[PDB]
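Source file target.pdb; content: PDB, C-alpha atoms.
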ATOM      1  CA  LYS A   1     -35.331 -69.337 -36.895  1.00  0.00           C
ATOM      2  CA  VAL A   2     -38.140 -69.029 -34.365  1.00  0.00           C
ATOM      3  CA  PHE A   3     -36.775 -67.645 -31.043  1.00  0.00           C
ATOM      4  CA  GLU A   4     -38.063 -68.795 -27.652  1.00  0.00           C
ATOM      5  CA  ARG A   5     -39.119 -65.859 -25.431  1.00  0.00           C
ATOM      6  CA  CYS A   6     -36.244 -65.719 -22.892  1.00  0.00           C
ATOM      7  CA  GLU A   7     -33.629 -66.642 -25.471  1.00  0.00           C
ATOM      8  CA  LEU A   8     -34.559 -63.560 -27.467  1.00  0.00           C
ATOM      9  CA  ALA A   9     -34.833 -61.473 -24.286  1.00  0.00           C
ATOM     10  CA  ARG A  10     -31.222 -62.328 -23.494  1.00  0.00           C
ATOM     11  CA  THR A  11     -30.027 -61.794 -27.044  1.00  0.00           C
ATOM     12  CA  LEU A  12     -31.561 -58.330 -27.295  1.00  0.00           C
ATOM     13  CA  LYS A  13     -29.975 -57.327 -24.003  1.00  0.00           C
ATOM     14  CA  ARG A  14     -26.546 -58.345 -25.194  1.00  0.00           C
ATOM     15  CA  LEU A  15     -27.194 -56.412 -28.374  1.00  0.00           C
ATOM     16  CA  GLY A  16     -27.698 -53.255 -26.400  1.00  0.00           C
ATOM     17  CA  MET A  17     -31.439 -52.688 -26.902  1.00  0.00           C
ATOM     18  CA  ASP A  18     -32.374 -52.168 -23.279  1.00  0.00           C
ATOM     19  CA  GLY A  19     -33.254 -48.512 -22.966  1.00  0.00           C
ATOM     20  CA  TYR A  20     -32.058 -47.670 -26.528  1.00  0.00           C
ATOM     21  CA  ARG A  21     -33.331 -44.169 -27.313  1.00  0.00           C
ATOM     22  CA  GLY A  22     -35.554 -44.511 -24.241  1.00  0.00           C
ATOM     23  CA  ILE A  23     -37.059 -47.807 -25.225  1.00  0.00           C
ATOM     24  CA  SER A  24     -37.216 -50.530 -22.660  1.00  0.00           C
ATOM     25  CA  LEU A  25     -36.354 -54.115 -23.425  1.00  0.00           C
ATOM     26  CA  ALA A  26     -39.885 -55.298 -22.684  1.00  0.00           C
ATOM     27  CA  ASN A  27     -41.159 -52.954 -25.347  1.00  0.00           C
ATOM     28  CA  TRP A  28     -38.866 -54.325 -28.000  1.00  0.00           C
ATOM     29  CA  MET A  29     -39.999 -57.807 -27.014  1.00  0.00           C
ATOM     30  CA  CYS A  30     -43.671 -56.840 -27.313  1.00  0.00           C
ATOM     31  CA  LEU A  31     -42.886 -55.440 -30.791  1.00  0.00           C
ATOM     32  CA  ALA A  32     -41.121 -58.603 -32.060  1.00  0.00           C
ATOM     33  CA  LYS A  33     -43.943 -60.731 -30.650  1.00  0.00           C
ATOM     34  CA  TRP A  34     -46.635 -58.894 -32.467  1.00  0.00           C
ATOM     35  CA  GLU A  35     -44.726 -58.352 -35.650  1.00  0.00           C
ATOM     36  CA  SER A  36     -43.228 -61.716 -36.335  1.00  0.00           C
ATOM     37  CA  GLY A  37     -44.035 -64.116 -33.526  1.00  0.00           C
ATOM     38  CA  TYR A  38     -40.268 -64.015 -32.979  1.00  0.00           C
ATOM     39  CA  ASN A  39     -39.683 -65.511 -36.513  1.00  0.00           C
ATOM     40  CA  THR A  40     -36.609 -64.168 -38.244  1.00  0.00           C
ATOM     41  CA  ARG A  41     -37.746 -65.440 -41.612  1.00  0.00           C
ATOM     42  CA  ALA A  42     -41.132 -63.782 -41.644  1.00  0.00           C
ATOM     43  CA  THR A  43     -42.083 -61.557 -44.623  1.00  0.00           C
ATOM     44  CA  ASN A  44     -45.383 -59.769 -45.371  1.00  0.00           C
ATOM     45  CA  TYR A  45     -46.213 -58.251 -48.728  1.00  0.00           C
ATOM     46  CA  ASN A  46     -48.308 -55.071 -48.600  1.00  0.00           C
ATOM     47  CA  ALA A  47     -50.274 -55.078 -51.818  1.00  0.00           C
ATOM     48  CA  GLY A  48     -51.614 -51.683 -51.011  1.00  0.00           C
ATOM     49  CA  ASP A  49     -48.354 -49.904 -51.534  1.00  0.00           C
ATOM     50  CA  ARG A  50     -46.096 -52.535 -53.050  1.00  0.00           C
ATOM     51  CA  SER A  51     -43.652 -52.797 -50.148  1.00  0.00           C
ATOM     52  CA  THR A  52     -42.576 -55.804 -48.015  1.00  0.00           C
ATOM     53  CA  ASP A  53     -41.895 -56.120 -44.206  1.00  0.00           C
ATOM     54  CA  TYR A  54     -38.881 -58.251 -43.408  1.00  0.00           C
ATOM     55  CA  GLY A  55     -37.685 -60.291 -40.471  1.00  0.00           C
ATOM     56  CA  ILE A  56     -38.102 -60.317 -36.733  1.00  0.00           C
ATOM     57  CA  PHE A  57     -39.083 -56.625 -36.518  1.00  0.00           C
ATOM     58  CA  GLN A  58     -40.938 -56.559 -39.897  1.00  0.00           C
ATOM     59  CA  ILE A  59     -38.835 -53.768 -41.250  1.00  0.00           C
ATOM     60  CA  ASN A  60     -40.311 -52.143 -44.364  1.00  0.00           C
ATOM     61  CA  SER A  61     -38.647 -51.906 -47.715  1.00  0.00           C
ATOM     62  CA  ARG A  62     -40.039 -48.469 -48.524  1.00  0.00           C
ATOM     63  CA  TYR A  63     -37.585 -46.772 -46.264  1.00  0.00           C
ATOM     64  CA  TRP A  64     -35.155 -49.058 -44.421  1.00  0.00           C
ATOM     65  CA  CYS A  65     -33.757 -51.815 -46.665  1.00  0.00           C
ATOM     66  CA  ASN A  66     -33.340 -52.349 -50.364  1.00  0.00           C
ATOM     67  CA  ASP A  67     -35.368 -55.027 -52.187  1.00  0.00           C
ATOM     68  CA  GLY A  68     -35.087 -53.695 -55.651  1.00  0.00           C
ATOM     69  CA  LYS A  69     -38.802 -54.039 -56.228  1.00  0.00           C
ATOM     70  CA  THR A  70     -40.424 -51.402 -54.067  1.00  0.00           C
ATOM     71  CA  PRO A  71     -41.338 -48.215 -55.904  1.00  0.00           C
ATOM     72  CA  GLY A  72     -39.909 -44.909 -54.674  1.00  0.00           C
ATOM     73  CA  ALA A  73     -38.124 -46.393 -51.810  1.00  0.00           C
ATOM     74  CA  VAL A  74     -35.057 -45.529 -49.889  1.00  0.00           C
ATOM     75  CA  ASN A  75     -32.660 -47.765 -47.973  1.00  0.00           C
ATOM     76  CA  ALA A  76     -31.871 -45.946 -44.787  1.00  0.00           C
ATOM     77  CA  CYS A  77     -30.141 -48.916 -43.069  1.00  0.00           C
ATOM     78  CA  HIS A  78     -27.899 -49.505 -46.052  1.00  0.00           C
ATOM     79  CA  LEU A  79     -28.755 -53.163 -46.234  1.00  0.00           C
ATOM     80  CA  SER A  80     -30.236 -55.569 -48.674  1.00  0.00           C
ATOM     81  CA  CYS A  81     -33.646 -56.706 -47.290  1.00  0.00           C
ATOM     82  CA  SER A  82     -32.198 -60.180 -47.633  1.00  0.00           C
ATOM     83  CA  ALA A  83     -29.949 -59.455 -44.635  1.00  0.00           C
ATOM     84  CA  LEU A  84     -33.015 -59.331 -42.392  1.00  0.00           C
ATOM     85  CA  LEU A  85     -33.929 -62.897 -43.162  1.00  0.00           C
ATOM     86  CA  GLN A  86     -30.892 -64.572 -41.602  1.00  0.00           C
ATOM     87  CA  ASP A  87     -31.153 -66.595 -38.371  1.00  0.00           C
ATOM     88  CA  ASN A  88     -28.776 -64.120 -36.715  1.00  0.00           C
ATOM     89  CA  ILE A  89     -30.437 -60.775 -35.754  1.00  0.00           C
ATOM     90  CA  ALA A  90     -27.412 -58.530 -35.734  1.00  0.00           C
ATOM     91  CA  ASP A  91     -28.551 -56.659 -38.846  1.00  0.00           C
ATOM     92  CA  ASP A  92     -32.159 -56.410 -37.659  1.00  0.00           C
ATOM     93  CA  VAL A  93     -31.030 -54.876 -34.408  1.00  0.00           C
ATOM     94  CA  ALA A  94     -28.758 -52.352 -36.045  1.00  0.00           C
ATOM     95  CA  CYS A  95     -31.521 -51.334 -38.438  1.00  0.00           C
ATOM     96  CA  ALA A  96     -34.179 -51.146 -35.782  1.00  0.00           C
ATOM     97  CA  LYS A  97     -31.912 -48.791 -33.842  1.00  0.00           C
ATOM     98  CA  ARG A  98     -31.756 -46.649 -36.938  1.00  0.00           C
ATOM     99  CA  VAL A  99     -35.520 -46.589 -37.309  1.00  0.00           C
ATOM    100  CA  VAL A 100     -36.108 -45.264 -33.782  1.00  0.00           C
ATOM    101  CA  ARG A 101     -33.491 -42.619 -34.224  1.00  0.00           C
ATOM    102  CA  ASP A 102     -36.135 -40.716 -36.284  1.00  0.00           C
ATOM    103  CA  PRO A 103     -38.676 -38.555 -34.487  1.00  0.00           C
ATOM    104  CA  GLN A 104     -41.432 -41.076 -34.393  1.00  0.00           C
ATOM    105  CA  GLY A 105     -39.256 -43.572 -32.489  1.00  0.00           C
ATOM    106  CA  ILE A 106     -41.014 -46.853 -31.595  1.00  0.00           C
ATOM    107  CA  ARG A 107     -44.315 -45.352 -32.876  1.00  0.00           C
ATOM    108  CA  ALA A 108     -43.153 -45.984 -36.373  1.00  0.00           C
ATOM    109  CA  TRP A 109     -44.576 -49.494 -35.923  1.00  0.00           C
ATOM    110  CA  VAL A 110     -48.386 -49.209 -35.671  1.00  0.00           C
ATOM    111  CA  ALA A 111     -48.677 -52.592 -33.996  1.00  0.00           C
ATOM    112  CA  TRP A 112     -46.666 -51.209 -31.116  1.00  0.00           C
ATOM    113  CA  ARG A 113     -49.414 -48.574 -30.520  1.00  0.00           C
ATOM    114  CA  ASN A 114     -52.226 -51.114 -30.874  1.00  0.00           C
ATOM    115  CA  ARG A 115     -50.633 -53.821 -28.878  1.00  0.00           C
ATOM    116  CA  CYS A 116     -47.909 -52.520 -26.543  1.00  0.00           C
ATOM    117  CA  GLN A 117     -48.391 -48.863 -25.711  1.00  0.00           C
ATOM    118  CA  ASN A 118     -49.826 -48.178 -22.258  1.00  0.00           C
ATOM    119  CA  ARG A 119     -49.944 -51.771 -21.355  1.00  0.00           C
ATOM    120  CA  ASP A 120     -48.132 -53.756 -18.707  1.00  0.00           C
ATOM    121  CA  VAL A 121     -45.437 -55.325 -20.959  1.00  0.00           C
ATOM    122  CA  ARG A 122     -43.380 -56.835 -18.120  1.00  0.00           C
ATOM    123  CA  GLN A 123     -44.768 -60.217 -19.002  1.00  0.00           C
ATOM    124  CA  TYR A 124     -42.611 -60.314 -22.063  1.00  0.00           C
ATOM    125  CA  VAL A 125     -39.413 -60.487 -20.058  1.00  0.00           C
ATOM    126  CA  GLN A 126     -40.561 -62.087 -16.879  1.00  0.00           C
ATOM    127  CA  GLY A 127     -38.393 -64.903 -15.585  1.00  0.00           C
ATOM    128  CA  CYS A 128     -35.784 -64.468 -18.358  1.00  0.00           C
ATOM    129  CA  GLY A 129     -32.941 -63.346 -16.202  1.00  0.00           C
ATOM    130  CA  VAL A 130     -32.430 -59.963 -17.971  1.00  0.00           C
TER
END
File written out as structure tokens:
Amino acid sequence: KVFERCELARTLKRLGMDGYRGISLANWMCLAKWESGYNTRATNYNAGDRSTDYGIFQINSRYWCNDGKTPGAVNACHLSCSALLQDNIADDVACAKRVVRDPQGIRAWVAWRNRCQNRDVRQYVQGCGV
């Protein structure tokens, strides 16, 4: 499923992401935009290290979900990577919360640094009623 901006804004709010571990809603929106274009079915194979990024938040199989095929990986979120490809983002949200619970926080996603850090990200939630 490809979310519309405000529709996702509202969904994330309901899911308790606003201010999660100090991370504002607008930041999570910026993240999803740059990682998947708000597409829950998006996947990206990293030939470099043999892992795959899955779903809305492009969660990596090296550490967060199990795909069976990534070498040396762990599955911190206790989920099959398949779970992150559903149209519902409940699993994605619970796993993303897990990711930021580690020291790096939101910085674990390099695109967040490149595209969202130190920028005015209010645009991502403007007019959405959240």
Output as a Markdown table one row per residue of region 9-75 of chain A within 8 Å of region 101-125 of chain A: the closest atom pair and its distance in Å to one decimal place, counting all atoms listed in the file, sorted by chain and residue number ascending.
| residue | atom | partner | partner_atom | distance |
| --- | --- | --- | --- | --- |
| A:9 | CA | A:125 | CA | 6.3 |
| A:21 | CA | A:101 | CA | 7.1 |
| A:23 | CA | A:106 | CA | 7.6 |
| A:25 | CA | A:125 | CA | 7.8 |
| A:26 | CA | A:124 | CA | 5.7 |
| A:27 | CA | A:121 | CA | 6.6 |
| A:29 | CA | A:124 | CA | 6.1 |
| A:30 | CA | A:116 | CA | 6.1 |
| A:31 | CA | A:112 | CA | 5.7 |
| A:34 | CA | A:111 | CA | 6.8 |
| A:35 | CA | A:111 | CA | 7.2 |
Write out, as an mmCIF file, in the coordinates of the input, the residues just selected, with C-alpha atoms.
data_model
loop_
_atom_site.group_PDB
_atom_site.id
_atom_site.type_symbol
_atom_site.label_atom_id
_atom_site.label_comp_id
_atom_site.auth_asym_id
_atom_site.auth_seq_id
_atom_site.Cartn_x
_atom_site.Cartn_y
_atom_site.Cartn_z
ATOM 1 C CA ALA A 9 -34.833 -61.473 -24.286
ATOM 2 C CA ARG A 21 -33.331 -44.169 -27.313
ATOM 3 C CA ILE A 23 -37.059 -47.807 -25.225
ATOM 4 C CA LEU A 25 -36.354 -54.115 -23.425
ATOM 5 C CA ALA A 26 -39.885 -55.298 -22.684
ATOM 6 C CA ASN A 27 -41.159 -52.954 -25.347
ATOM 7 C CA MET A 29 -39.999 -57.807 -27.014
ATOM 8 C CA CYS A 30 -43.671 -56.840 -27.313
ATOM 9 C CA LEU A 31 -42.886 -55.440 -30.791
ATOM 10 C CA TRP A 34 -46.635 -58.894 -32.467
ATOM 11 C CA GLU A 35 -44.726 -58.352 -35.650
#
What does the PyMOL selection byres ((chain A and resi 41-43) around 12) select in this file, as a PDB file with C-alpha atoms, keeping the file's coordinate frame?
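Saved file selection_7.pdb follows:
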ATOM      1  CA  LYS A   1     -35.331 -69.337 -36.895  1.00  0.00           C
ATOM      2  CA  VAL A   2     -38.140 -69.029 -34.365  1.00  0.00           C
ATOM      3  CA  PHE A   3     -36.775 -67.645 -31.043  1.00  0.00           C
ATOM      4  CA  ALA A  32     -41.121 -58.603 -32.060  1.00  0.00           C
ATOM      5  CA  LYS A  33     -43.943 -60.731 -30.650  1.00  0.00           C
ATOM      6  CA  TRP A  34     -46.635 -58.894 -32.467  1.00  0.00           C
ATOM      7  CA  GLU A  35     -44.726 -58.352 -35.650  1.00  0.00           C
ATOM      8  CA  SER A  36     -43.228 -61.716 -36.335  1.00  0.00           C
ATOM      9  CA  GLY A  37     -44.035 -64.116 -33.526  1.00  0.00           C
ATOM     10  CA  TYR A  38     -40.268 -64.015 -32.979  1.00  0.00           C
ATOM     11  CA  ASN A  39     -39.683 -65.511 -36.513  1.00  0.00           C
ATOM     12  CA  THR A  40     -36.609 -64.168 -38.244  1.00  0.00           C
ATOM     13  CA  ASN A  44     -45.383 -59.769 -45.371  1.00  0.00           C
ATOM     14  CA  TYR A  45     -46.213 -58.251 -48.728  1.00  0.00           C
ATOM     15  CA  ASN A  46     -48.308 -55.071 -48.600  1.00  0.00           C
ATOM     16  CA  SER A  51     -43.652 -52.797 -50.148  1.00  0.00           C
ATOM     17  CA  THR A  52     -42.576 -55.804 -48.015  1.00  0.00           C
ATOM     18  CA  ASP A  53     -41.895 -56.120 -44.206  1.00  0.00           C
ATOM     19  CA  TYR A  54     -38.881 -58.251 -43.408  1.00  0.00           C
ATOM     20  CA  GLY A  55     -37.685 -60.291 -40.471  1.00  0.00           C
ATOM     21  CA  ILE A  56     -38.102 -60.317 -36.733  1.00  0.00           C
ATOM     22  CA  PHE A  57     -39.083 -56.625 -36.518  1.00  0.00           C
ATOM     23  CA  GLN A  58     -40.938 -56.559 -39.897  1.00  0.00           C
ATOM     24  CA  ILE A  59     -38.835 -53.768 -41.250  1.00  0.00           C
ATOM     25  CA  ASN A  60     -40.311 -52.143 -44.364  1.00  0.00           C
ATOM     26  CA  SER A  61     -38.647 -51.906 -47.715  1.00  0.00           C
ATOM     27  CA  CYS A  81     -33.646 -56.706 -47.290  1.00  0.00           C
ATOM     28  CA  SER A  82     -32.198 -60.180 -47.633  1.00  0.00           C
ATOM     29  CA  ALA A  83     -29.949 -59.455 -44.635  1.00  0.00           C
ATOM     30  CA  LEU A  84     -33.015 -59.331 -42.392  1.00  0.00           C
ATOM     31  CA  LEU A  85     -33.929 -62.897 -43.162  1.00  0.00           C
ATOM     32  CA  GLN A  86     -30.892 -64.572 -41.602  1.00  0.00           C
ATOM     33  CA  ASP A  87     -31.153 -66.595 -38.371  1.00  0.00           C
ATOM     34  CA  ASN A  88     -28.776 -64.120 -36.715  1.00  0.00           C
ATOM     35  CA  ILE A  89     -30.437 -60.775 -35.754  1.00  0.00           C
ATOM     36  CA  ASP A  92     -32.159 -56.410 -37.659  1.00  0.00           C
TER      37      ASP A  92
END
TODO: Convert the output of the PyMOL selection byres ((chain A and resi 67-76) around 9) on the shown file into explicit residues, formatted as an MDAnalysis selection string.
DONE: chainID A and resid 49:52 61:66 77:82 95 98:99
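Counting all atoms listed in the file, the residue from A:129, A:22, A:16, A:48 that sits nearest to residue 93 (chain A) is A:16.
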- [ ] Take CA of residue 126 (chain A) and CA of residue 8 (chain A) and report the distance between them in Å, one decimal.
- [x]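 Taking CA of residue 126 (chain A) and CA of residue 8 (chain A), their separation equals 12.3 Å.
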Where is the centre and how long are the edges: axis-aligned box on region 19-24 of chain A, 4 Å on each side, Å to one decimal, as lines of an AutoDock Vina configuration file:
center_x = -34.6
center_y = -47.3
center_z = -25.0
size_x = 13.2
size_y = 14.4
size_z = 12.7
Task: Separation of CA of residue 7 (chain A) from CA of residue 28 (chain A), in Å and rounded to one decimal - done: 13.6 Å
Open item on the list: If I take CA of residue 97 (chain A) and CA of residue 47 (chain A), how far is one from the other in Å, to one decimal?
Closed with: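 Between CA of residue 97 (chain A) and CA of residue 47 (chain A) the gap is 26.5 Å.
If you measure from each of A:5, A:127, A:18, A:11 to residue 90 (chain A) using only C-alpha atoms, the closest one turns out to be A:11.
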